[PDB]
């Protein structure tokens, strides 16, 4: 197992459809020891149960809107773990009304701020809070992004701006932390039916177009995303930092198919 | 000239060193009629005086932190102009402390929020507010970005995340408005000594490195940026939308020089 | 006219549908003086006639397969002109059989070599031969490329590899010549029905998909490409080198529309 | 390991410094069965000896200048293996004189043709020749590229054009073969002292600049490149095709460091 001895904190696992669940399962299959966060109290039981199936009893509340909660996660986790080898950012949010229809009609200052704070700022915020536990460990951060960072896409709207901010965040974090032995990389995943995906108007059509038009002629799975994250969290990828890797069956590199 | 009679609103002109001044002068040279905004009352006289030299008496206060002020500009401008042919976004802000030293140490939630709101959200906010005046005119929007959008750069820090958000904003705005006959493009300018540039720690060294390492072996001018904006505002560029054009003397495409 | 006093050599003009014709017409409208090349003797009369309508009697044979013919163009042109301010590369070739159907089935060593030699090597070959006439003149080179450089596209096949080589050629030429006052830029044009376009199997479908899916919801014109080339050949673009500018109505920056 | 029983053909292994050696060792560590090619008879013994240390007695001559030799490899290999799961392209060549000094002065038609034929065409040529043995196996191809594909770099010169062609080749091969269950990906490696590296004028300074300026503040190893190739050859990367992955310690995403 190529993550033997790695201790990895995973955000964003709320169901077995979650990308973070695929990541968790892939990492555990490679021998990682896991810990998890959940955004609100209502989810605690569900997440503890999934964590238990993945051999973990380390679960912490963390709304990334809160610097106090972010910092408290690492304080609490630090009582159990000497250091942190892996950090998975698999979280995003924007108000549903901002992800439907005309980009300018649907945008607002408040939706823009929320989308960026939760979807983009949270990466440097978590990296910063994790830094004492991660530095010097030859450790790694993986964050999830989407093609909307670099292409205009119907309905994704302000989340595209937030993902672009996130990808730049990945690059700046990588440049910041590389000398102290922390890597930071992104996965730009193709569409996958998850709980959050239903917030994007006409998600079913995005999903269908990609399967019809990508080189693989099918959509990717949370196992495929998960195995890629596991690689990027492992010492196998020690030469790679500041990279965005596309796990979309080649969709982004194809045109007019 | 190739903007003869075109009516263009320009943000961000605060001195004769401003990129927006170079844009203004370039547009006026091609026959455009201009109007201007200024962030606070303390600048009104200075901006009115520059505007007068460019044959304009149309000057409006606009802090892009304020949706009221943004929308009031177009209400007031609309008393003079029956439509708007061009809109120039040449504005940015982040707290100076966030643009000095280690990326994660210098970042904060509040600095992130400010940087994104003023530097990135302001593009769709202005596009949205201008839309009734611009649509159906084969009109155009130009916004100013920087390499920090797509590369990690020392000291630019959180402004890089904001510029990435901005460039995605340009793409989404272009996709949104293209059917209505409004284009939206970006210029990624090389470093230029402007008032805002002094907010970046060690800007003088950044400026020097580019001149020593780009294909042209010199920095670009506000006239060069300005002429590019004039082109992108004109019907000559009617086949171009959602584009980021580098006016950095080739710096971005060079390595190891 | 922003090309007043500019002397520009244009390759590739074989009919009034040619991209090079749109370039020629756009440049002449801005006051440029023109000269032209043609690949074989059979075309001489047709090209001389088009050149005459554009106020030029300077027409030279040039098969870019031949170093002797390339060099002879500048020797001959140098009898009339003191220097050369603009050079337009608007030429490409690959055997038709290599641009139909399965990429690997259709490729061959010989087709690959031809495609690259004529479509890609010709840019540095012409730049190199033109260099004595262009250096120190604040002059400029523009070459035409296509999205196949950076995306896989059905049927374009080995021409995509040649266009990628070309775009790198543009970057290396820009880096090479920038200090001596020669710029080199590319235009990646959207699909346009030209003589050469019929060599691509199912070109009509490419053309239709782009018009249905790009931000402008229409294809671009040779006037739009031409006006962009005119800008890139003019002193207005003096801050820009090594750049690929997309004149495809935003097609490349849109996805899933 | 994650390549257990997978049969992988590796080109380009000429010494223990070779990138292909790092790939070979990484694949063998994950359980792969290997076979190898060598360019000329003079190398046969050296390569057989390295192959033996990696538990292989399958070694074949292959100068990729020769379509006969390329196709003969798979005919001969096919006597031992009923199919092929992995193919590694780790080969390049250009005349040394073309990789020294001014790009245009050093280039020639013949050097361009050689560089592209050996460095770029060889990827689709090998993919094409391997296709009967690879299809239907959920198999994979990996090829090695360099930053010169997408940035101008001193002295790398015409090899940059060839690498750009190669990367497009990777994209087109991926699009071509995806339905048949063959993936094709690239690794853009940072500088590593190998035999071929000495062909680049002033390679030692290039190597030094990267270590001084990348996020990791060091150069990558053939083990790091190798482990990445092993991942891209394995079913773990089944969601990834047509991708270029940077294993350069973040060099490409950094600027002005």
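As written, the chain order gives the labels A, B, C and D, with residue 1 at the start of each chain.
In the analysis below, a contact is a pair of C-beta atoms (placed from the backbone, for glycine too) under 8 Å apart; a residue touches a chain by one contact, two chains touch by 3 or more.
Enquirer: Return the chain whose centre of C-alpha atoms lies at maximal distance from the corresponding centre of chain C.
Expert: In terms of C-alpha centroids, the chain at the greatest distance from chain C is A.
Enquirer: Once you count every C-beta pair in contact for both, which comes out on top, A-C or A-B?
Expert: Ranking A-C and A-B by C-beta contacts puts A-B first.
Enquirer: Just how far, in Å, is the C-alpha centre of chain B from the one of chain A?
Expert: Between these chains, centre-to-centre, one finds 32 Å.
Enquirer: Could you put a whole-Å number on the gap between the CA centroids of chain A and chain C?
Expert: Using C-alpha averages as centres, the distance is 43 Å.
Enquirer: Pull out every residue in chain D that's touching 2 or more other chains.
Expert: 151-152, 154, 171, 174-175, 177, 215, 242, 250, 252-254, 257
Enquirer: Show me the residue ranges of chain D that touch chain C in the complex, using the header's touch definition.
Expert: On the chain D side, the touching residues are 67, 102-105, 107, 109, 112-113, 116-117, 120-121, 124-125, 127-128, 131, 148-152, 154, 157-158, 160-169, 171-177, 242.
Enquirer: Write out the stretch or stretches of chain B touching chain D in their complex.
Expert: Of all residues in chain B, those touching chain D are 147, 151-154, 206, 209-210, 215, 250, 252-257.
Enquirer: For a test of understanding, state which residues of chain A touch chain D in their complex under the given definition.
Expert: 2, 171, 174-175, 177-179, 190, 214-217, 220-221, 224-225, 227-228, 230-231, 236-243, 245-250, 253-254, 257
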